[PDB]
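Visitor: Please see the structure below; I have some questions.
2 protein chains.
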Amino acid sequence: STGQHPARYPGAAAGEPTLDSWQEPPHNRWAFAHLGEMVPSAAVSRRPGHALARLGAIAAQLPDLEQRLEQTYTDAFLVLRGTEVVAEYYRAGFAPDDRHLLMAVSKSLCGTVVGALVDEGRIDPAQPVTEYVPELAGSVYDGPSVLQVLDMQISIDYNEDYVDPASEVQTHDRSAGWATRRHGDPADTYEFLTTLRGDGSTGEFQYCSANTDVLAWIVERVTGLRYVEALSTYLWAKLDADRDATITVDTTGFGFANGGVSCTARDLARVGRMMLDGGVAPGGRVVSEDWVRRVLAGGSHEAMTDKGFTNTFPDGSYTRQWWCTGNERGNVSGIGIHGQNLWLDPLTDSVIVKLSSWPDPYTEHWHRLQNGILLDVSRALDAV
Amino acid sequence: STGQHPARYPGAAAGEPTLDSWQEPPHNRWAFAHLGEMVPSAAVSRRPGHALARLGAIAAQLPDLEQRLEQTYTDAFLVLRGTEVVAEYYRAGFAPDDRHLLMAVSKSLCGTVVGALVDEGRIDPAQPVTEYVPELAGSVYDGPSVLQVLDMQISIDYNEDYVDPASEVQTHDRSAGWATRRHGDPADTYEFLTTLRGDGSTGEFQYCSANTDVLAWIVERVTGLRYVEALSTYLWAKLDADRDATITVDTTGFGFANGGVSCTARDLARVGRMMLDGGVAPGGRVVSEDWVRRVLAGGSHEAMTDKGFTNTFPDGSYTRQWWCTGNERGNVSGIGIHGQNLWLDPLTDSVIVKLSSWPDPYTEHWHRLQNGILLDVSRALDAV
Ligand SMILES: NCCCCCC(=O)O
Ligand SMILES: NCCCCCC(=O)O
């Protein structure tokens, strides 16, 4: 058992509705107004082909930028300097207002929600996960603190060999609805998390998407709100965004916090703007000045043993769901597979959003090219 | 085999991507920008509880209208007189701009798309279905004309006992993704349609949702466009709608034409406005004056043997995916289970939209109450 979870709608029974009951009362009143949450759906455009390149200023300093963006399968690219959009690019077939999957950049958004609750005193990072989710007792999350989840410093037996159906990464997807279910799989994401084990050691960084979903679960237990709603109330609704964001949900309606959020490039930039504004957004304060300061400061360097990151950023680290380069510019970034970045350049008070679709989720090749672009663009914003 | 179908994206292989391949190239470029079409997803509101009742004028003539709307589980109600919104109502929890499932009102939209193609001369209603979908040879659709599909005058062995998994109505849902698949079920909607049989007789009305999906299939074969896109190009994109509409899609990306469209009440009214404007919309002509005239004229009365309809509307009929009351006002309406109506009142140049969630899909009780409201509101618009 995974305990109490926020009802899909007021008064809903546990797990209701399902794909086989949404047409029945009392579920249908809610379902008829939110069918996309139950059945895959397509948009029928209200609007009646070519790449849009408005690199403006930085174009002079980076003449071959558009070609570099194409080479890195860029779908949407946007540079926000201060409160102004100084550069934009969208591939042919992708409109400026189209939404794009954020993959793990979603984690940085989740960490932000957790930070908001810490600022309210509803979550104490020093407390064990079990203080908020008792049902995680007996799992690898029995013992570690919420901060250790936030910094991903928990050793977990997490097979990353996706090709293997028995692997935790593929099992995670099947439990959440990102892949076809197999007989015996956990019923939902909550159940999947309870099956995770580890040797008990903590302190060393181990990137694991399950950590973010545990954070979302904690958010639900502390607020009583579905993660989908908490993400809106504590973050999205305060950004004065152009469009709603979306997030995939599993069979119980639990949002895939670790990587299922989609939004426009311009709106994602609003998240970066909030971070560079000390945690304040147009709709009010999202997180405390201290929270933002700690994110920019970085995590323990000694905990960061991922050569894939440190070979490029030797003094890099990770904290509160953000990757910290530790470079001379103090760059910090939300990162997602296939080329997604919510890159912060505090030196120039700028935010760089790059949403892509590399053929591969991760290769040294793509990252070298991607980081080269982000660093070059950041430097092009420097006063000269 | 069901033959050629519009690719999910340019150059896509048949049936690609699937829930298990969308993260792979070359599918991911498209999938990352349209994930809702693959995995159930929820909206994360950009906006930070009580029913909204603005019945205005008709309120004086119908004092207990709000109570009547509540009694019929009304979610959204809107009256458009001419080009003006003269009355509105939205239940607590449903915003004016929220979208609502249309159920079979979706059929009237599909019929409109077919009409647009008839006006272009790309579809001849007198031609047999097999002229456009040869793969339907050997099925109940082998012999009947496209017009007979439009008017639903084809005898089909269609078990309406949903509770029975072997029934065609439940099988239709499972084949399209509206319900959980069972071993042995057709792979997609196209395949399901090819399994349908009948005694060969035609001429008598038999309401069958499979007919509308055959129309959508014909639309795809004649245009080369996914039904989702054809619905936009030939109808939605010409309405100057406030929001995109949505439509559930099966595993191949085929829109559930018979009942999976969702849209706002105000935008649905734009469809009615187009009909009362002789087939013309703000973005251009949608269907011919003749098509609209034939819809308002009604179908053969003798073909209409559904007592559920004729007990209320003795001179009623059905044609081109619209229900024609044949009453003294010449009312015609798109109708969907659980209380959905796109009601046309040509006498007052008005359109009445009522989107609801009755606990039951259909009962004489609900229809009596629902029609009573639509007729009373129509009469309240008469000059006095
Ligand atoms: N297994 C779902 C993928 C989650 C995204 C992971 C990442 O972007 O690093
Ligand atoms: N089997 C899917 C339901 C389709 C709606 C039918 C109707 O509204 O009459």
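One line per chain: the protein sequences are A and B, in this order.
Using the working numbering, the first residue of the first sequence is number 1475, and each one after it goes up by one.
Using the working numbering, the first residue of the second sequence is number 1475, and each one after it goes up by one.
C-beta atoms are modelled at their ideal positions from N, C-alpha and C, and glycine is treated no differently.
(1) Any heavy atom of ligand 1 within a distance shorter than 7 Å of the CB on A/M1577?
(2) Measure from the alpha carbon of A/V1825 to the alpha carbon of each residue in A/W1765, A/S1831 and A/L1816, then state which is nearest.
(3) For a quick check, are the C-beta atoms of B/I1532 and B/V1851 less than 8 Å apart?
(4) Taking one C-beta from the stretch 1651-1658 of chain A and one from the stretch 1597-1609 of chain A each time, how about it: are there three or more such pairs within less than 8 Å?
(5) Are the Cβ atoms of A/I1811 and A/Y1836 separated by less than 8 Å?
(6) Kindly examine ligand 2 and report whether one of its heavy atoms sits closer than 7 Å to the Cβ of B/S1830.
(7) So, for A/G1773: in the same chain, excluding its five sequence neighbours on each side, which residues have a beta-carbon less than 7 Å away from its beta-carbon?
(8) Taking A/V1735 and A/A1719 to be in contact with their CB atoms under 8 Å, please state how far apart those CB atoms are, rounded to whole angstroms.
(9) Taking contact to mean 3 or more Cβ pairs, one atom from each stretch, closer than 8 Å, check whether the stretch 1545-1564 of chain A and the stretch 1705-1720 of chain A are in contact.
(10) Drop a sphere of 10 angstroms on the beta-carbon of B/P1618, count the other beta-carbons inside from all chains shown, and report buried for 16 or more, exposed for fewer.
(11) Mark B/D1687 as exposed unless 16 or more other C-beta atoms lie within 10 angstroms of its C-beta, in which case mark it buried.
(12) Find the residues of chain B that neighbour A/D1718, judging by a C-beta separation of less than 7 Å, and give them in chain order.
(13) Could you tell me whether the Cβ atoms of A/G1752 and A/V1766 are closer together than 8 Å?
(14) List the residues of chain A that B/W1710 touches, going by C-beta distances under 7 Å, in chain order.
(15) Can you tell me where the alpha helix (DSSP H) holding residue 1925 of chain A begins and where it ends?
(16) Anything in chain A within Cβ reach of B/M1512, meaning under 9 Å, just list it in chain order.
(17) Is B/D1724 near ligand 2, going by C-beta to nearest heavy atom under 7 Å?
(18) I need the boundaries of the beta strand (DSSP E) containing A/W1817, first residue and last residue.
(19) Find the residues of chain A that neighbour B/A1684, judging by a C-beta separation of less than 7 Å, and give them in chain order.
(20) Return the first residue and the last residue of the alpha helix (DSSP H) that B/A1517 is part of.
(21) Given that A/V1702 touches chain B, what residues does it touch there, using C-beta distances under 7 Å?
(22) Could you tell me whether the Cβ atoms of B/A1715 and B/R1744 are closer together than 8 Å?
(23) Enumerate in chain order the residues of its own chain whose CB-to-CB distance from A/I1628 is below 8 Å, with the five nearest sequence positions on each side excluded.
(24) Does chain A have any CB closer than 8 Å to the CB of B/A1486?
(25) Is it buried or exposed for B/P1514, if we count other Cβ within 10 angstroms and need 16 for buried?
(26) Among A/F1787, A/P1660, A/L1509 and A/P1639, which one has its Cα closest to the Cα of A/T1492?
(27) Would you call A/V1637 buried or exposed, if buried means 16 or more other Cβ atoms sit within 10 Å of its Cβ?
(28) Does the CB of B/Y1564 have a neighbour CB from chain A at under 8 Å?
(29) According to DSSP, A/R1555 sits in a beta bridge with which residue or residues?
(30) By the 8 Å beta-carbon criterion, what residues does the stretch 1529-1559 of chain B contribute toward chain A?
(31) Under three-state DSSP, which class holds B/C1584?
(32) Please identify, using Cβ separations under 9 Å, the residues of the stretch 1722-1750 of chain B that lie next to chain A, in order along the chain.
(33) Taking only runs that begin and end inside the stretch 1775-1819 of chain B, name each unbroken alpha helix (DSSP H) of 4 or more residues, in chain order.
(34) With three or more C-beta pairs closer than 8 Å as the rule, is the stretch 1564-1577 of chain B touching the stretch 1500-1509 of chain A?
(35) Counting only beta-carbon separations shorter than 8 Å, does A/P1660 have a partner in chain B?
(36) Looking at chain A, is there any beta carbon in it that lies within less than 8 Å of the beta carbon of B/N1502?
Guide: Put simply:
(1) The residue given as residue 1577 of chain A occupies position 103 in the first sequence. Within the cutoff, so yes.
(2) Locating residue 1825 of chain A in the first sequence gives position 351, where the first residue counts as 1. Checking every option, the nearest Cα to that of A/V1825 belongs to A/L1816.
(3) Reading the second sequence from its first residue, position 58 is the one you call residue 1532 of chain B. Reading the second sequence from its first residue, position 377 is the one you call residue 1851 of chain B. It is a contact, given that the beta carbons lie within the stated cut-off.
(4) no
(5) The count along the first sequence starts at 1 and reaches residue 1811 of chain A at position 337. The count along the first sequence starts at 1 and reaches residue 1836 of chain A at position 362. Yes, Cβ-Cβ distance for A/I1811 and A/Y1836 is below 8 Å.
(6) On the second sequence, residue 1830 of chain B is found 356 positions in, with the first residue counted as 1. Answer for B/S1830: no, Cβ out of range of ligand 2.
(7) Mapped onto the first sequence, residue 1773 of chain A falls at position 299. Cβ neighbours of A/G1773 beyond the five flanking positions: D1625, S1791, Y1792, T1793 and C1798.
(8) Against the first sequence, residue 1735 of chain A aligns to sequence position 261. Against the first sequence, residue 1719 of chain A aligns to sequence position 245. Right, the Cβ-Cβ distance comes to about 6 Å (below 8 Å), so this counts as a contact.
(9) no
(10) In the second sequence, residue 1618 of chain B corresponds to position 144, counting from 1. It counts as buried.
(11) Start at 1 with the first residue of the second sequence, and residue 1687 of chain B comes out as number 213. Result: buried.
(12) As a position in the first sequence, residue 1718 of chain A is number 244, starting the count at 1. Result: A1517, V1518, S1519 and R1520.
(13) What you label residue 1752 of chain A is simply residue 278 of the first sequence in a count that begins at 1. What you label residue 1766 of chain A is simply residue 292 of the first sequence in a count that begins at 1. Their beta carbons are under 8 Å apart, which means A/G1752 touches A/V1766 by this criterion.
(14) The residue you call residue 1710 of chain B lines up with position 236 of the second sequence. Those within 7 Å of B/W1710 in chain A are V1518, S1519 and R1520.
(15) Residue 1925 of chain A lies beyond the stretch modelled for chain A, which goes from 1475 to 1858, so this question has no answer here.
(16) Numbered from its first residue, the second sequence carries residue 1512 of chain B at position 38. Under the 9 Å cutoff, chain A gives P1514, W1652 and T1722.
(17) In the second sequence, the residue the question calls residue 1724 of chain B occupies position 250. Result no, Cβ not under 7 Å from ligand 2.
(18) Position 343 of the first sequence, counting from 1, holds the residue named residue 1817 of chain A. Start and end: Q1814 to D1819.
(19) Stepping through the second sequence from its first residue, residue 1684 of chain B is reached at position 210. Ordered by position in chain A, no residue passes the 7 Å Cβ test against B/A1684, which lies about 18 Å from the chain.
(20) Counted from its first residue, the second sequence places residue 1517 of chain B at position 43. B/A1517 -> not in any alpha helix (DSSP H); beta strand (DSSP E) instead, spanning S1515 to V1518.
(21) Mapped onto the first sequence, residue 1702 of chain A falls at position 228. Near A/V1702 (Cβ distances below 7 Å), the residues of chain B are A1516 and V1518.
(22) The residue you call residue 1715 of chain B lines up with position 241 of the second sequence. The residue you call residue 1744 of chain B lines up with position 270 of the second sequence. Result yes, Cβ atoms of B/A1715 and B/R1744 sit closer than 8 Å.
(23) If you number the first sequence from 1, residue 1628 of chain A lands on position 154. The residues are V1614, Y1615, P1618, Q1622, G1672, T1676, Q1680, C1682 and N1685.
(24) Counting from one through the second sequence, the residue named residue 1486 of chain B turns up at place 12. For B/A1486, the answer is no, since every Cβ of chain A falls outside 8 Å of its Cβ.
(25) Position 40 of the second sequence, counted from the start, is the residue given in the question as residue 1514 of chain B. With 16 or more other Cβ atoms within 10 Å, it is buried.
(26) Along the first sequence, read from residue 1 onward, the residue named residue 1492 of chain A stands at position 18. With distances taken between Cα atoms, A/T1492 lies closest to A/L1509.
(27) Position 163 of the first sequence holds residue 1637 of chain A. When all chains shown are included, A/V1637 counts as exposed.
(28) Numbered from its first residue, the second sequence carries residue 1564 of chain B at position 90. Chain A, which has no Cβ nearer than 8 Å to the Cβ of B/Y1564, makes this no.
(29) Taking the first residue of the first sequence as position 1, residue 1555 of chain A is located at position 81. The partner list for A/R1555 (beta bridge, DSSP) reads A/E1558 and A/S1824.
(30) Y1547 and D1549
(31) Residue mapping note: residue 1584 of chain B aligns to position 110 of the second sequence, counting from 1. In the structure shown, B/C1584 sits in a helix (DSSP, three-state: H, G or I).
(32) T1722, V1723, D1724, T1725, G1727, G1729, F1730, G1734, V1735, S1736, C1737 and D1741
(33) 1781-1784
(34) yes
(35) For the purposes of this step, residue 1660 of chain A is identified with residue 186 of the first sequence, where counting begins at 1. So no, A/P1660 is outside the interface.
(36) For the purposes of this step, residue 1502 of chain B is taken as the residue at position 28 of the second sequence. B/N1502 counts as touching chain A.
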